[PDB]
A.B. asks: 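Before anything else, here's the structure in question.
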Amino acid sequence: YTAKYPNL
Amino acid sequence: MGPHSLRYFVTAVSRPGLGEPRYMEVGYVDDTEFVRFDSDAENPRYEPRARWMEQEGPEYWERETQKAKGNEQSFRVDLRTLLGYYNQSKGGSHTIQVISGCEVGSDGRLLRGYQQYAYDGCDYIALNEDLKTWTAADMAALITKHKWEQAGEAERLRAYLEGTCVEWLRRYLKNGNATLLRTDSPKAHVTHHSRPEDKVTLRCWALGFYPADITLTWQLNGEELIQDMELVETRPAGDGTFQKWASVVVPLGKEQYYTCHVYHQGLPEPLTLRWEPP
Amino acid sequence: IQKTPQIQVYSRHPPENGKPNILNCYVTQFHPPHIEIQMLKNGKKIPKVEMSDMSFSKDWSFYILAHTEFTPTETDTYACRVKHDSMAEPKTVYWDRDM
């Protein structure tokens, strides 16, 4: 399923 | 069973003054969109884009939704970050896209894992084939590199890519396998069109085929006409299938010397056809 | 930078005059993603035009399919008009039943 994205 | 892949395409688009950033996530199994999230709604939720994803129950959707909403807010953040990285007005509209996914052989093993980012349609950062080190495209992307190095994130991601990603991929595969192997054979015909003088145009049509991938050729007595053969990009018919054509200019009265060839994975064997005058 | 929309206008099925069909306007290779697409019949905007969700390609460019139902005749002209930041003026592409 979908990932959690790191802040840029 | 061929290779497989599970990828997500993410778009964050700001629009200062005019509302909240429009955020979107799209999931593809073997390049078939299967789920989608669009932040432009009163109660946005993840939704099946393939009917076969409806086997998943409410818990699956809740968990996906909540992740997406967290991403969205987080992306709203990043957009501001990038204004600063790049020293830009608060005024303009900007775009962040992300592609990330995992591709596995017919034995379910990770074959390749990846994650590339783009700012305003340009490469920003990506994850090397080694799933351990990054690659910044510009100065600004190093702030983010040196930041993800110091919170150790190339590992946290590799976990997902080798772990969660592959696992779920396999689960999705089980479910939509029947409809994923789908094949639709092109139907072909040739049309005939006038040119000035003593030339005519022969156009070889392929319609209603899926997947998109196809190849059409023209042969003068069996020797392909690589040169100045005209084609259109493959295009959706709108009903799930695709269309393409190839044409060449031949001498008037010499039409029967040319053969059109159509290669598609759906065909027991490639089509061969010719301009048929009634 | 901005990418310039590329456009194709074409029926779903081989057109026969008098028979209902669907006209597509397939728009690709553009960026940024905001875009305005109208389909025109005989120089006048078509009211009911449906549009697919937007998607983007491995090179970051977006693409989208607009469509409308129609019944071709020998003399009706159809076109698709696209306004986009990358282009000083809206580009119009006429439907050619041979393409």
Side-chain angles (χ1 to χ4, degrees), chain A residues 1-3 5, chain B residues 2-13 22-41 44-56 60-61 63-65 67-69 71-72 75 95-104 114-116 118 164-166 168-184 208-213 233-243 265, chain C residues 12 24 26-31 33 35 50-67:
Chain A
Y1 50 19
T2 188
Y5 294 81
Chain B
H4 301 284
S5 70
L6 164 70
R7 357 178 173 268
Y8 285 86
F9 285 64
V10 173
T11 318
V13 190
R22 175 197 190 79
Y23 176 84
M24 178 105 58
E25 300 197 342
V26 184
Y28 295 93
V29 176
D30 296 354
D31 300 32
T32 289
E33 175 174 343
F34 77 109
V35 302
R36 173 174 291 264
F37 175 94
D38 188 329
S39 81
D40 223 12
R45 309 217 100 231
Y46 244 118
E47 310 177 358
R49 307 294 300 184
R51 317 270 288 135
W52 56 261
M53 273 287 81
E54 295 158 23
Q55 331 172 13
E56 302 296 355
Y60 171 85
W61 300 109
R63 171 177 294 94
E64 287 313 282
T65 285
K67 281 191 296 193
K69 294 164 82 185
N71 296 334
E72 162 186 351
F75 276 89
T95 285
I96 306 169
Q97 301 156 271
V98 205
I99 297 155
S100 71
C102 61
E103 28 200 71
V104 310
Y114 63 104
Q115 191 177 82
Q116 352 168 23
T164 295
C165 196
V166 169
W168 279 88
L169 177 44
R170 213 186 271 115
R171 178 189 156 72
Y172 297 140
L173 288 186
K174 186 246 295 179
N175 298 158
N177 160 272
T179 123
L180 278 174
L181 299 152
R182 178 59 170 162
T183 246
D184 285 84
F209 58 89
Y210 174 92
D213 323 71
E233 297 286 311
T234 303
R235 53 195 197 200
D239 61 10
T241 75
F242 296 90
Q243 300 178 167
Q265 59 192 88
Chain C
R12 170 173 293 183
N24 294 314
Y26 181 46
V27 191
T28 54
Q29 292 305 309
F30 59 103
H31 204 301
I35 191 156
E50 289 128 83
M51 291 223 291
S52 80
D53 297 307
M54 202 181 292
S55 305
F56 74 79
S57 291
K58 298 295 281 187
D59 73 352
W60 311 117
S61 73
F62 304 87
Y63 60 94
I64 181 148
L65 178 66
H67 67 277

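Just so we're on the same page: letters track the sequence lines, and every chain starts at 1. Hydrogens, waters and symmetry mates play no part in the numbers below; they use all other heavy atoms, side chains included.
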A.B. asks: Show your reasoning for whether salt bridge (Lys or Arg N to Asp or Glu O under 4.0 Å) applies to B:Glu103 and B:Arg7.
C.D. replies: CA-CA 8 Å; B:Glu103 28 200 71; B:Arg7 357 178 173 268; 2.9 Å; yes

A.B. asks: Return the minimal non-hydrogen interatomic distance between B:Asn71 and A:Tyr5, and the atom names on each side.
C.D. replies: OD1-N, 3.2 Å

A.B. asks: Which heavy-atom pair separates B:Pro44 from B:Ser39 by the least distance, and what is that distance?
C.D. replies: CB-CA, 4.1 Å

A.B. asks: Starting at CG of B:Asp30, measure out to CG of B:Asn177 and round the result to the nearest 0.5 Å.
C.D. replies: 9.5 Å

A.B. asks: Assess whether a salt bridge exists between B:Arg182 and B:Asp184, defined as any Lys/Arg side-chain N lying under 4.0 Å from an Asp/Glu carboxylate O.
C.D. replies: yes

A.B. asks: What I want to find out is whether B:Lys69 reaches B:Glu72 closely enough, with some N-O distance under 4.0 Å, to be called a salt bridge.
C.D. replies: no

A.B. asks: Does the side chain of B:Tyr114 come under 3.5 Å of the side chain of B:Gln116 through a donor N or O and an acceptor N or O?
C.D. replies: no

A.B. asks: Looking only at heavy atoms, which two atoms of C:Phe30 and C:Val27 are closest? And how far apart?
C.D. replies: CE2-O, 3.6 Å

A.B. asks: I want to know whether B:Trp61 and B:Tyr46 have ring centres closer than 6.0 Å.
C.D. replies: no

A.B. asks: So among B:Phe37, B:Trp168, B:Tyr60, which one has a ring pair (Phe, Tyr, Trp, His ring centres under 6.0 Å) with A:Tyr1?
C.D. replies: B:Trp168

A.B. asks: How are the rings of B:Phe34 and B:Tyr172 set to each other: parallel, tilted or perpendicular (split at 30° and 60°)?
C.D. replies: tilted

A.B. asks: Quick one: closest heavy-atom pair of B:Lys67 and A:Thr2, and the distance?
C.D. replies: NZ-O, 2.7 Å

A.B. asks: Rounded to the nearest 0.5 Å, how far does NZ of C:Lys58 lie from CD1 of B:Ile99?
C.D. replies: 4.5 Å

A.B. asks: Could you check whether B:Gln265 and B:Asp213, counting side-chain N and O atoms only, form a donor-acceptor pair closer than 3.5 Å?
C.D. replies: no

A.B. asks: Have B:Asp239 and B:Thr241 got a donor and an acceptor in their side chains that come within less than 3.5 Å?
C.D. replies: yes

A.B. asks: Within the 3.5 Å criterion, strictly below it, is a donor on C:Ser61 or C:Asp59 matched to an acceptor on the partner's side chain?
C.D. replies: yes

A.B. asks: Test side chain to side chain contact (heavy atoms under 4.5 Å, CB included) on B:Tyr23 and B:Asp38; report intermediate values, then the result.
C.D. replies: CA-CA 6 Å; B:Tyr23 176 84; B:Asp38 188 329; over 6 Å; no

A.B. asks: In plain terms, say whether B:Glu33 and B:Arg49 are close enough for a salt bridge, that is, a side-chain N and a carboxylate O under 4.0 Å apart.
C.D. replies: yes

A.B. asks: Please determine whether a side-chain nitrogen of the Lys or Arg among B:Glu64 and B:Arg45 lies less than 4.0 Å from a carboxylate oxygen of the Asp or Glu.
C.D. replies: no

A.B. asks: So which atom in B:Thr95 and which in C:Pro33 form the shortest heavy-atom distance, rounded to 0.1 Å?
C.D. replies: OG1-CD, 3.6 Å

A.B. asks: Checking C:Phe62 now: which residues fulfil ring-ring contact (aromatic ring centres under 6.0 Å, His included) with it, not counting sequence neighbours?
C.D. replies: C:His31, C:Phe56

A.B. asks: Do you know the tightest heavy-atom contact between B:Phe242 and B:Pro211?
C.D. replies: CD1-C, 4.2 Å

A.B. asks: Under a 4.0 Å N-O cut-off, is there an ion pair linking B:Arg63 with B:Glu56?
C.D. replies: no

A.B. asks: Quick one: does B:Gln97's side chain have a donor or acceptor within less than 3.5 Å of a partner on C:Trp60's backbone?
C.D. replies: yes

A.B. asks: Yes or no on side chain to side chain contact (heavy atoms under 4.5 Å, CB included) for C:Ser57 and C:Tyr63, after CA distance, side-chain angles and deciding distance?
C.D. replies: CA-CA 8 Å; C:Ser57 291; C:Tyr63 60 94; 3.5 Å; yes

A.B. asks: Begin with the C-alpha distance, continue with both residues' side-chain angles, and end with the deciding distance and a verdict on side chain to side chain contact (heavy atoms under 4.5 Å, CB included) for C:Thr28 and C:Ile64.
C.D. replies: CA-CA 7 Å; C:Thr28 54; C:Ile64 181 148; over 6 Å; no

A.B. asks: Could you tell me the separation between the OG1 atom of B:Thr65 and the CD atom of B:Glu47, rounded to the nearest 0.5 Å?
C.D. replies: 8.5 Å

A.B. asks: Please evaluate residues C:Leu65 and C:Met51 with respect to the criterion side chain to side chain contact (heavy atoms under 4.5 Å, CB included), reporting the C-alpha separation (whole Å), side-chain torsions for both, the decisive distance (0.1 Å), and the verdict.
C.D. replies: CA-CA 6 Å; C:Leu65 178 66; C:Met51 291 223 291; over 6 Å; no

A.B. asks: Could you tell me if C:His67 and C:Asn24 have a donor-acceptor pair between their side chains, going purely by distance under 3.5 Å?
C.D. replies: no

